[PDB]
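S.K.: Can you keep this structure in mind? I'll have questions shortly.
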Amino acid sequence: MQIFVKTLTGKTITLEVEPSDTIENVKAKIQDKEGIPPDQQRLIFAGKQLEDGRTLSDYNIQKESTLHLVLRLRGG
C-alpha cells in the first residue's frame, strides 16, 4: 500500500509499504530517498511517536495515510 510522509519544509514523499513493514524499515526507505540518517528522524502519526520495534499495522495505518517527519539536531 502507498503512504505519504510530510516534511517540516512542506514537502510530501510517497512510499510503497506493507502493513507488516517495521517503522525501522520505513525510516530506512526514507534514508534511501532523502539521505537523512534514521537516528535523526522522528515519525509521528495521529499525534503519536512511532517506535522502531513496531509495525505499521500495529498503529492501524491504512492506505493513503499521511505520516509526519520531524528532524532532531544535536547541535544548534
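By convention here, the chains of the C-alpha cells are called A, B, ... in the order presented, each chain's residues are numbered starting at 1, and ligands are numbered starting at 1 in the order presented.
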Check chain A with DSSP on the backbone and list each residue it calls alpha helix (DSSP H), as a list in words.

M.R.: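 Assigned to alpha helix (DSSP H), within chain A: residues 23, 24, 25, 26, 27, 28, 29, 30, 31, 32, 33 and 34 of chain A.
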
S.K.: Quick one: write out the picked residues with N, CA, C and O atoms as a PDB file, in the first residue's frame?

M.R.:
```
ATOM      1  N   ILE A  23       8.695   0.070  11.395  1.00  0.00           N
ATOM      2  CA  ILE A  23       8.973   1.501  11.364  1.00  0.00           C
ATOM      3  C   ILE A  23      10.442   1.723  10.994  1.00  0.00           C
ATOM      4  O   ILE A  23      10.759   2.620  10.217  1.00  0.00           O
ATOM      5  N   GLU A  24      11.334   0.885  11.529  1.00  0.00           N
ATOM      6  CA  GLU A  24      12.757   0.997  11.201  1.00  0.00           C
ATOM      7  C   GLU A  24      12.929   0.810   9.696  1.00  0.00           C
ATOM      8  O   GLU A  24      13.747   1.480   9.071  1.00  0.00           O
ATOM      9  N   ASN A  25      12.152  -0.103   9.122  1.00  0.00           N
ATOM     10  CA  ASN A  25      12.246  -0.347   7.683  1.00  0.00           C
ATOM     11  C   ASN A  25      11.773   0.895   6.932  1.00  0.00           C
ATOM     12  O   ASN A  25      12.365   1.284   5.928  1.00  0.00           O
ATOM     13  N   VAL A  26      10.711   1.522   7.436  1.00  0.00           N
ATOM     14  CA  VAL A  26      10.183   2.731   6.809  1.00  0.00           C
ATOM     15  C   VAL A  26      11.231   3.843   6.860  1.00  0.00           C
ATOM     16  O   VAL A  26      11.449   4.535   5.865  1.00  0.00           O
ATOM     17  N   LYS A  27      11.900   4.005   8.012  1.00  0.00           N
ATOM     18  CA  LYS A  27      12.935   5.026   8.146  1.00  0.00           C
ATOM     19  C   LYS A  27      14.040   4.760   7.128  1.00  0.00           C
ATOM     20  O   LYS A  27      14.588   5.684   6.534  1.00  0.00           O
ATOM     21  N   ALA A  28      14.369   3.482   6.952  1.00  0.00           N
ATOM     22  CA  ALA A  28      15.424   3.103   6.020  1.00  0.00           C
ATOM     23  C   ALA A  28      15.049   3.510   4.601  1.00  0.00           C
ATOM     24  O   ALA A  28      15.898   3.956   3.830  1.00  0.00           O
ATOM     25  N   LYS A  29      13.775   3.373   4.267  1.00  0.00           N
ATOM     26  CA  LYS A  29      13.306   3.755   2.941  1.00  0.00           C
ATOM     27  C   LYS A  29      13.446   5.268   2.759  1.00  0.00           C
ATOM     28  O   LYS A  29      13.854   5.733   1.699  1.00  0.00           O
ATOM     29  N   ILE A  30      13.152   6.031   3.825  1.00  0.00           N
ATOM     30  CA  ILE A  30      13.295   7.490   3.793  1.00  0.00           C
ATOM     31  C   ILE A  30      14.772   7.859   3.623  1.00  0.00           C
ATOM     32  O   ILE A  30      15.096   8.786   2.887  1.00  0.00           O
ATOM     33  N   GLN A  31      15.664   7.136   4.295  1.00  0.00           N
ATOM     34  CA  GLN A  31      17.099   7.414   4.189  1.00  0.00           C
ATOM     35  C   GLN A  31      17.537   7.258   2.739  1.00  0.00           C
ATOM     36  O   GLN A  31      18.299   8.068   2.209  1.00  0.00           O
ATOM     37  N   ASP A  32      17.063   6.198   2.127  1.00  0.00           N
ATOM     38  CA  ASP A  32      17.425   5.919   0.747  1.00  0.00           C
ATOM     39  C   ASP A  32      16.984   7.061  -0.169  1.00  0.00           C
ATOM     40  O   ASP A  32      17.692   7.421  -1.110  1.00  0.00           O
ATOM     41  N   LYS A  33      15.791   7.591   0.083  1.00  0.00           N
ATOM     42  CA  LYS A  33      15.235   8.655  -0.754  1.00  0.00           C
ATOM     43  C   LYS A  33      15.754  10.064  -0.419  1.00  0.00           C
ATOM     44  O   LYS A  33      15.925  10.880  -1.325  1.00  0.00           O
ATOM     45  N   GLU A  34      15.910  10.391   0.871  1.00  0.00           N
ATOM     46  CA  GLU A  34      16.296  11.763   1.271  1.00  0.00           C
ATOM     47  C   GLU A  34      17.708  11.930   1.858  1.00  0.00           C
ATOM     48  O   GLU A  34      18.222  13.046   1.930  1.00  0.00           O
TER      49      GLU A  34
END
```

S.K.: Would you give me, as a PyMOL selection string, the residues in segment 22-54 of chain A that DSSP reads as strand (DSSP E)?

M.R.: chain A and resi 41-45+48-49

S.K.: Keeping only C-alpha atoms, take the residues you just selected and write them out as a PDB file, in the first residue's frame.

M.R.:
```pdb
ATOM      1  CA  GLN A  41      14.343  11.052  12.166  1.00  0.00           C
ATOM      2  CA  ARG A  42      11.164  11.050  14.278  1.00  0.00           C
ATOM      3  CA  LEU A  43       7.887   9.729  12.796  1.00  0.00           C
ATOM      4  CA  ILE A  44       4.510  10.896  14.106  1.00  0.00           C
ATOM      5  CA  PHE A  45       1.041   9.611  13.230  1.00  0.00           C
ATOM      6  CA  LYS A  48       1.762   9.584  18.469  1.00  0.00           C
ATOM      7  CA  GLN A  49       5.505   8.975  18.027  1.00  0.00           C
TER       8      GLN A  49
END
```

S.K.: Can you tell me which residues surround segment 4-17 of chain A at a distance of at most 7 Å, considering only C-alpha atoms, apart from same-chain residues fewer than 6 positions away, and format the answer as an NGL selection string?

M.R.: :A and (64-70)

S.K.: The selected residues should be written to file as a short mmCIF file (atom, residue, chain, number, x, y, z; two decimals), in the first residue's frame (atoms: N, CA and C atoms).

M.R.:
```cif
data_model
loop_
_atom_site.label_atom_id
_atom_site.label_comp_id
_atom_site.auth_asym_id
_atom_site.auth_seq_id
_atom_site.Cartn_x
_atom_site.Cartn_y
_atom_site.Cartn_z
N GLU A 64 -3.06 5.26 1.94
CA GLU A 64 -3.16 6.71 1.78
C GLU A 64 -3.10 7.46 3.11
N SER A 65 -2.51 6.85 4.12
CA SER A 65 -2.32 7.51 5.41
C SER A 65 -1.16 8.48 5.27
N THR A 66 -1.20 9.59 6.02
CA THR A 66 -0.14 10.59 5.98
C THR A 66 0.59 10.61 7.32
N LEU A 67 1.90 10.42 7.27
CA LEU A 67 2.74 10.47 8.46
C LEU A 67 3.51 11.78 8.43
N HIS A 68 3.95 12.22 9.61
CA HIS A 68 4.71 13.46 9.72
C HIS A 68 6.14 13.13 10.14
N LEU A 69 7.11 13.74 9.47
CA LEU A 69 8.52 13.51 9.76
C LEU A 69 9.08 14.72 10.50
N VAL A 70 9.81 14.47 11.60
CA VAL A 70 10.44 15.50 12.41
C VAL A 70 11.94 15.22 12.42
#
```

S.K.: Which one is closest to residue 73 of chain A: A:3, A:36, A:56, A:61? Count only C-alpha atoms.

M.R.: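 Residue with the minimum atom-to-atom distance to residue 73 of chain A: A:36.
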
S.K.: Rank nothing, just name the residue among A:2, A:40, A:55, A:20 nearest to residue 71 of chain A, using only C-alpha atoms.

M.R.: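 Under the stated criterion, the closest residue is A:40.
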
S.K.: Separation of atom CA of residue 1 of chain A and atom CA of residue 72 of chain A, in Å?

M.R.: 27.8 Å

S.K.: Just the number, please: distance in Å from atom CA of residue 54 of chain A to atom CA of residue 75 of chain A, one decimal.

M.R.: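 Separation of atom CA of residue 54 of chain A and atom CA of residue 75 of chain A: 28.5 Å.
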